[PDB]
Amino acid sequence: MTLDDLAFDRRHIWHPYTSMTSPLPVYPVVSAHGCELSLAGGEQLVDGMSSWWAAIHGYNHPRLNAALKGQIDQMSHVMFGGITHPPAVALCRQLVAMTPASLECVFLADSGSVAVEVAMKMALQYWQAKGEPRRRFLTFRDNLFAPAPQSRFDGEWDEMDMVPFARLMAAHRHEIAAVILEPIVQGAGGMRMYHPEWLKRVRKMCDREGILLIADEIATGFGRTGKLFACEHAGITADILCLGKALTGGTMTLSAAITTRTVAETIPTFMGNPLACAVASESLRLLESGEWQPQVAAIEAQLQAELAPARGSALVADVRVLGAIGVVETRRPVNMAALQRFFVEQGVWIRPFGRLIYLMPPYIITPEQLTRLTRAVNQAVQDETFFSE
Amino acid sequence: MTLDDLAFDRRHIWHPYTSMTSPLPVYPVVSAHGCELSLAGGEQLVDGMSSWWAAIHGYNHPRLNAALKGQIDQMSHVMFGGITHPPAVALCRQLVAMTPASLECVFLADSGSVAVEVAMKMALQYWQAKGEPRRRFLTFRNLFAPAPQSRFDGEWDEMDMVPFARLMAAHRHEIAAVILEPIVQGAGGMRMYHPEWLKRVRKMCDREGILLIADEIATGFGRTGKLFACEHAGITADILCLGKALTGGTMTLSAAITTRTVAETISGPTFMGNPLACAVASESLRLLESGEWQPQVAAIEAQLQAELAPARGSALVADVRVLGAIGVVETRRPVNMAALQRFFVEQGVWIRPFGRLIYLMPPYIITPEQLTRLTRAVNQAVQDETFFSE
Ligand code: NA
Ligand code: NA
């Protein structure tokens with residue numbers, strides 16, 4: 001990477017959540033290995049982000065690499081219209097086998113958002129097919145927005161938390177096609193965390209009304225909260241389960257909606273992409289050993305222990321840990337340039353956002369690597385200069 | 001592929017535009033090379049579909065393979081938030097250089113539909129920032145203008161634009177953008193519109209300050225005989241959407257490219273900027289830099305025109321329309337999908353019809369003899385009433 005390359009990127013390449021008139025500095029990553037990113041200048045960074053959830057096996061994994069290369073040798077891609085192929089069948093067999101018995105029909109898609117859109121369309125066609133059309137969705141913050149439950153996710157449950165959902169349900173039961181939620185951890189909602197009893201109660205209220213439950217586990221799935229699927233924290237199963245990110249080991253995009261036979265019965269170039277299916281199958285094979293379970297429990301326990309002192313910082317509003325996820329929510333938004341520089345100069349890759357400094361490291365991270373991550377977070381939230389007003 | 005694999009696919013795996021209670025038969029493909037697909041039984045099929053547009057360089061292409069493997073050796077993926085990397089820069093350099101000078105800010109995305117959604121969100125934020133929030137889009141069949149009736153390759157009747165001009169003027173303060181596919185409607189029944197229509201849209205958008213979004217996810221990268229189909233009208237969009245043939249049909253990636261004025265007025269996504277997809281897209285574009293796609297596509301077009309022309313004489317054919325490496329036979333009655341698909345496979349060709357459409361969009365590397373197999377099969381098909389419902 002050259003100085004001109006960085007000028008070109010700055011002037012011509014959009015990055016997430018940044019402007020093009022006043023972009024923030026970006027760091028040139030040229031390669032990656034293990035739990036580390038290699039900068040163009042040669043600096044190594046301990047990754048604390050898993051490239052946002054997905055890179056649970058780390059970077060440059062030999063088995064993911066070999067799966068990709070082996071599929072390339074046969075075919076990178078063929079259309080799925082009127083055609084099926086070994087990678088799609090192998091992947092769907094794994095997805096059906098590893099999910100609860102009732103989840104058995106797989107709709108492959110490119111991206112997480114498309115799999116959620118597909119789930120919602122399934123819910124629309126379900127009710128249309130049943131002679132009872134329903135067009136509204138209920139989600140948590142003409143759609144219906146219920147507030148988040150207040151009870152601390154790892155503490156005691158107050159039944160009063162369900163009143164706004166219950167009253168919305170009582171008022172609109174017959175118009176609601178589906179409830180859509182992320183189980184426990186709100187990867188799309190400020191990394192907030194909800195009590196599992198809330199999820200248990202939503203499932204029961206849906207059961208009572210015949211309403212479909214759509215679980216978005218694109219962020220939570222595949223072991224990240226300490227359960228293979230985060231729905232397990234409440235003991236419930238969704239009618240439609242949406243999956244992605246760690247599905248491919250974070251090598252390339254792929255997603256899936258898995259539903260029941262009752263939904264499926266009552267019911268374009270890259271759909272089923274062989275290359276992505278082959279690497280996702282290898283990513284799932286890595287999970288089959290069960291090693292992710294003591295890995296994530298060890299990460300969870302270290303995160304609890306090394307982030308607990310952040311609760312003592314006047315700038316910290318909350319610390320919340322679940323599985324291989326540690327969130328420090330601050331009282332004031334971060335100074336993005338200054339704080340990101342500090343992290344890189346400390347040899348760690350941690351990408352904060354607004355009032356959030358959070359860790360979601362790859363499952364293969366070492367204790368010492370993780371301590372580097374939590375050390376930097378604790379140092380950050382003790383200094384005002386890393387925070388605007 | 002085993003019988004149990006087929007039974008598992010049928011019972012548990014959705015395919016595009018098919019039911020789950022009564023799926024049509026699907027054919028097991030296990031590998032692909034050149035311009036051919038290899039079925040589990042060893043049969044080779046000549047591909048006429050490019051896996052829907054994108055596989056313009058054919059299958060198992062050595063340069064595309066080496067690009068992918070070379071990137072895997074460095075990294076398959078890293079996030080794009082706070083980070084840039086050599087593959088994203090190399091691809092965006094190519095996309096900026098190969099497009100008109102006004103198109104210079106690249107937003108990379110996962111899939112075709114996301115690039116269009118990003119373009120529309122750009123248009124919304126463009127007007128929101130100018131204190132003039134506009135929320136509606138005008139497309140051709142939201143405001144829907146009648147598709148222009150002038151035959152795409154024939155004479156122009158400017159009366160085609162009167163309904164559009166009426167709608168645009170009546171709603172000029174609600175319209176954030178016109179969205180269209182240039183000439184060929186890959187998402188509109190493979191219909192084809194006159195370039196003068198596209199020229200007039202651009203000029204009307206200019207007078208009103210309305211953004212023009214060109215979806216070239218299907219038409220882009222030489223398919224219509226021009227590098228971008230906008231060239232048939234001599235116009236440039238405010239936002240250009242690209243995908244499919246971007247990666248050589250190896251894996252999904254898309255982009256929305258806009259002007260500096262759009263980008264300035266405006267001013268996590270795990271897989272945005274994916275190094276692996278950018279690396280193979282760069283090599284796909286490198287393959288086009290020789291310009292060899294031009295006479296390849298011109299030869300395909302002339303062979304399509306000649307070998308599809310007799311189908312116009314078939315009582316079952318309403319229209320034949322050919323542009324670049326696209327040949328469309330629109331029938332008067334919809335096809336019997338199972339029986340017609342079996343006939344194509346038995347003939348050794350992969351042609352995937354839909355409703356009243358039997359169409360060809362072969363890889364650019366297809367030989368004359370391979371392509372004649374495709375056109376002969378189509379001509380045989382539309383002379384036989386057995387392949388059509390009522
Ligand atoms: Na299952
Ligand atoms: Na350009």
# chains A, B, ... in the order shown; residues from 1 in each chain; ligands from 1

call {"tool": "residues_around", "arguments": {"residues": "residue A:280", "least_positions_apart": "6", "cutoff": "8 Å", "atoms": "only C-alpha atoms", "output": "PyMOL selection string"}}
result
chain A and resi 91+247-249

call {"tool": "residues_around", "arguments": {"residues": "residue B:252", "least_positions_apart": "3", "cutoff": "8 Å", "atoms": "only C-alpha atoms", "output": "ChimeraX atom specification"}}
result
/A:110,253,270 /B:110-111,243-244,247,249,277

call {"tool": "atom_distance", "arguments": {"atom1": "atom CA of residue B:265", "atom2": "atom CA of residue A:6"}}
result
22.5 Å

call {"tool": "interface_residues", "arguments": {"of": "chain A", "to": "chain B", "cutoff": "7 Å", "atoms": "only C-alpha atoms", "output": "ChimeraX atom specification"}}
result
/A:1,5,9,12-16,19-21,25-32,51-52,59-60,65,69,72,74-86,89,104-107,110-111,250-253,264-265,269-270,273

call {"tool": "select_by_dssp", "arguments": {"residues": "stretch 9-169 of chain B", "states": "strand (DSSP E or B)", "output": "PyMOL selection string"}}
result
chain B and resi 13+27-34+36-39+44-47+59+83-84+105-109+136-140+143-145

call {"tool": "write_last_selection", "arguments": {"atoms": "N, CA, C and O atoms", "output": "CSV table (one decimal), in the first residue's frame"}}
result
chain,number,residue,atom,x,y,z
B,13,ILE,N,-34.3,-28.0,0.7
B,13,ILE,CA,-33.6,-27.0,0.1
B,13,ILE,C,-34.4,-26.2,-0.9
B,13,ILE,O,-34.8,-26.7,-2.0
B,27,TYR,N,-31.3,-30.5,-11.7
B,27,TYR,CA,-30.2,-31.3,-12.3
B,27,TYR,C,-29.0,-31.2,-11.4
B,27,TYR,O,-28.6,-30.1,-11.1
B,28,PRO,N,-28.4,-32.3,-11.1
B,28,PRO,CA,-27.1,-32.2,-10.2
B,28,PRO,C,-25.9,-31.8,-11.1
B,28,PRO,O,-25.5,-32.6,-11.9
B,29,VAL,N,-25.4,-30.6,-10.8
B,29,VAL,CA,-24.1,-30.2,-11.4
B,29,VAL,C,-23.0,-30.3,-10.4
B,29,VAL,O,-23.2,-29.8,-9.2
B,30,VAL,N,-21.9,-31.0,-10.7
B,30,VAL,CA,-20.8,-31.2,-9.7
B,30,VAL,C,-19.6,-30.4,-10.1
B,30,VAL,O,-18.7,-30.3,-9.2
B,31,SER,N,-19.4,-30.0,-11.3
B,31,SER,CA,-18.3,-29.2,-11.7
B,31,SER,C,-18.6,-28.5,-13.0
B,31,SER,O,-19.7,-28.7,-13.5
B,32,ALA,N,-17.7,-27.6,-13.4
B,32,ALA,CA,-17.9,-26.8,-14.5
B,32,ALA,C,-16.6,-26.3,-15.1
B,32,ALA,O,-15.7,-26.0,-14.3
B,33,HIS,N,-16.5,-26.3,-16.4
B,33,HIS,CA,-15.2,-25.9,-17.1
B,33,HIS,C,-15.6,-25.2,-18.4
B,33,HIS,O,-16.5,-25.6,-19.1
B,34,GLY,N,-14.8,-24.2,-18.7
B,34,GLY,CA,-15.0,-23.5,-20.0
B,34,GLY,C,-16.4,-23.0,-20.1
B,34,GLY,O,-16.9,-22.2,-19.3
B,36,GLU,N,-19.0,-25.1,-20.3
B,36,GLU,CA,-19.8,-26.4,-20.0
B,36,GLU,C,-20.0,-26.6,-18.5
B,36,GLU,O,-19.1,-26.3,-17.7
B,37,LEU,N,-21.1,-27.2,-18.2
B,37,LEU,CA,-21.5,-27.7,-16.9
B,37,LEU,C,-21.4,-29.2,-16.9
B,37,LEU,O,-21.8,-29.8,-17.9
B,38,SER,N,-20.9,-29.8,-15.8
B,38,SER,CA,-20.7,-31.2,-15.7
B,38,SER,C,-21.8,-31.8,-14.7
B,38,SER,O,-21.7,-31.5,-13.5
B,39,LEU,N,-22.7,-32.6,-15.3
B,39,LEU,CA,-23.7,-33.3,-14.4
B,39,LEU,C,-23.1,-34.4,-13.6
B,39,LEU,O,-22.0,-35.0,-14.0
B,44,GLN,N,-21.9,-33.5,-20.2
B,44,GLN,CA,-21.6,-32.1,-20.3
B,44,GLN,C,-22.7,-31.4,-21.0
B,44,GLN,O,-23.3,-31.8,-22.0
B,45,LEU,N,-23.0,-30.2,-20.5
B,45,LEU,CA,-24.0,-29.3,-21.0
B,45,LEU,C,-23.4,-28.0,-21.5
B,45,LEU,O,-22.6,-27.4,-20.7
B,46,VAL,N,-23.7,-27.6,-22.7
B,46,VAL,CA,-23.2,-26.2,-23.1
B,46,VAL,C,-24.1,-25.2,-22.4
B,46,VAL,O,-25.3,-25.2,-22.5
B,47,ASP,N,-23.4,-24.3,-21.7
B,47,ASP,CA,-24.1,-23.2,-20.9
B,47,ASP,C,-24.6,-22.1,-21.8
B,47,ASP,O,-23.7,-21.4,-22.5
B,59,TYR,N,-16.5,-20.8,-17.0
B,59,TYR,CA,-16.4,-21.5,-15.7
B,59,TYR,C,-15.0,-22.0,-15.5
B,59,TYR,O,-14.2,-22.2,-16.5
B,83,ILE,N,-10.7,0.5,8.3
B,83,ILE,CA,-9.6,-0.3,7.6
B,83,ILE,C,-9.8,-0.2,6.1
B,83,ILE,O,-11.0,-0.2,5.6
B,84,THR,N,-8.7,-0.1,5.4
B,84,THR,CA,-8.7,-0.3,4.0
B,84,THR,C,-7.6,-1.4,3.7
B,84,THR,O,-6.8,-1.7,4.5
B,105,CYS,N,-17.0,8.1,-6.9
B,105,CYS,CA,-17.1,7.7,-5.5
B,105,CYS,C,-17.7,6.3,-5.4
B,105,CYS,O,-18.9,6.2,-5.9
B,106,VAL,N,-17.1,5.3,-4.8
B,106,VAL,CA,-17.5,3.9,-4.9
B,106,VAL,C,-17.9,3.5,-3.5
B,106,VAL,O,-17.2,3.7,-2.5
B,107,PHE,N,-19.2,2.9,-3.4
B,107,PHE,CA,-19.7,2.3,-2.3
B,107,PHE,C,-19.8,0.8,-2.6
B,107,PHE,O,-20.7,0.4,-3.4
B,108,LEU,N,-19.0,0.0,-2.0
B,108,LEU,CA,-19.0,-1.5,-2.2
B,108,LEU,C,-20.1,-2.1,-1.4
B,108,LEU,O,-20.4,-1.6,-0.3
B,109,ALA,N,-20.7,-3.1,-1.9
B,109,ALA,CA,-21.7,-3.8,-1.2
B,109,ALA,C,-21.7,-5.3,-1.5
B,109,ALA,O,-20.9,-5.8,-2.4
B,136,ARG,N,-40.0,9.7,-3.0
B,136,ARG,CA,-40.6,8.8,-4.1
B,136,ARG,C,-39.6,8.6,-5.2
B,136,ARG,O,-38.8,9.4,-5.5
B,137,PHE,N,-39.7,7.4,-5.8
B,137,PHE,CA,-38.9,7.0,-6.9
B,137,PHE,C,-39.8,6.7,-8.1
B,137,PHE,O,-40.9,6.2,-7.9
B,138,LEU,N,-39.4,7.1,-9.3
B,138,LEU,CA,-40.1,6.9,-10.5
B,138,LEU,C,-39.4,5.8,-11.3
B,138,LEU,O,-38.2,5.9,-11.5
B,139,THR,N,-40.1,4.7,-11.6
B,139,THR,CA,-39.6,3.6,-12.4
B,139,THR,C,-40.6,3.4,-13.5
B,139,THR,O,-41.6,4.0,-13.6
B,140,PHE,N,-40.2,2.4,-14.4
B,140,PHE,CA,-41.0,2.1,-15.6
B,140,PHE,C,-41.5,0.7,-15.4
B,140,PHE,O,-40.8,-0.2,-15.0
B,143,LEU,N,-43.9,5.8,-8.3
B,143,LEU,CA,-44.5,6.2,-9.5
B,143,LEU,C,-44.1,5.3,-10.7
B,143,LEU,O,-42.9,5.1,-10.8
B,144,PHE,N,-45.0,4.8,-11.4
B,144,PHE,CA,-44.7,3.9,-12.5
B,144,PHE,C,-45.1,4.5,-13.8
B,144,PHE,O,-46.3,4.8,-14.1
B,145,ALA,N,-44.1,4.7,-14.7
B,145,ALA,CA,-44.5,5.3,-16.0
B,145,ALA,C,-44.6,4.1,-17.0
B,145,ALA,O,-43.9,3.1,-16.9

call {"tool": "residues_near_ligand", "arguments": {"ligand": "ligand 2", "cutoff": "8 Å", "atoms": "only C-alpha atoms and all ligand atoms", "output": "tab-separated table (two decimals) with C-alpha atoms, in the first residue's frame"}}
result
chain	number	residue	atom	x	y	z
B	95	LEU	CA	-14.09	1.02	-11.41
B	96	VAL	CA	-13.33	4.75	-11.30
B	97	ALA	CA	-11.01	4.60	-14.33
B	98	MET	CA	-13.32	2.56	-16.57
B	99	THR	CA	-16.43	4.68	-15.91
B	100	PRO	CA	-17.05	8.26	-17.10
B	101	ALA	CA	-15.11	10.96	-15.26
B	102	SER	CA	-18.14	12.20	-13.29
B	103	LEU	CA	-18.58	8.77	-11.63
B	104	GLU	CA	-15.85	8.69	-8.97

call {"tool": "residues_around", "arguments": {"residues": "residue B:179", "least_positions_apart": "4", "cutoff": "12 Å", "atoms": "only C-alpha atoms", "output": "PyMOL selection string"}}
result
chain B and resi 116-117+119-120+123+136-145+175+185+198+201-202+205+210-216+237-241

call {"tool": "atom_distance", "arguments": {"atom1": "atom CA of residue A:103", "atom2": "atom CA of residue A:154"}}
result
28.0 Å

call {"tool": "residues_near_ligand", "arguments": {"ligand": "ligand 1", "cutoff": "7 Å", "atoms": "only C-alpha atoms and all ligand atoms", "output": "PDB file with C-alpha atoms, in the first residue's frame"}}
result
ATOM      1  CA  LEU A  95     -27.777 -26.692   9.058  1.00  0.00           C
ATOM      2  CA  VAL A  96     -30.772 -29.018   9.394  1.00  0.00           C
ATOM      3  CA  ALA A  97     -28.881 -31.478  11.585  1.00  0.00           C
ATOM      4  CA  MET A  98     -27.462 -28.904  14.015  1.00  0.00           C
ATOM      5  CA  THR A  99     -30.776 -27.004  14.542  1.00  0.00           C
ATOM      6  CA  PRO A 100     -33.856 -28.316  16.424  1.00  0.00           C
ATOM      7  CA  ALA A 101     -35.934 -30.998  14.698  1.00  0.00           C
ATOM      8  CA  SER A 102     -38.726 -28.606  13.682  1.00  0.00           C
ATOM      9  CA  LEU A 103     -36.312 -26.370  11.706  1.00  0.00           C
ATOM     10  CA  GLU A 104     -35.785 -28.274   8.445  1.00  0.00           C
TER      11      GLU A 104
END

call {"tool": "atom_distance", "arguments": {"atom1": "atom CA of residue A:3", "atom2": "atom CA of residue A:44"}}
result
19.5 Å
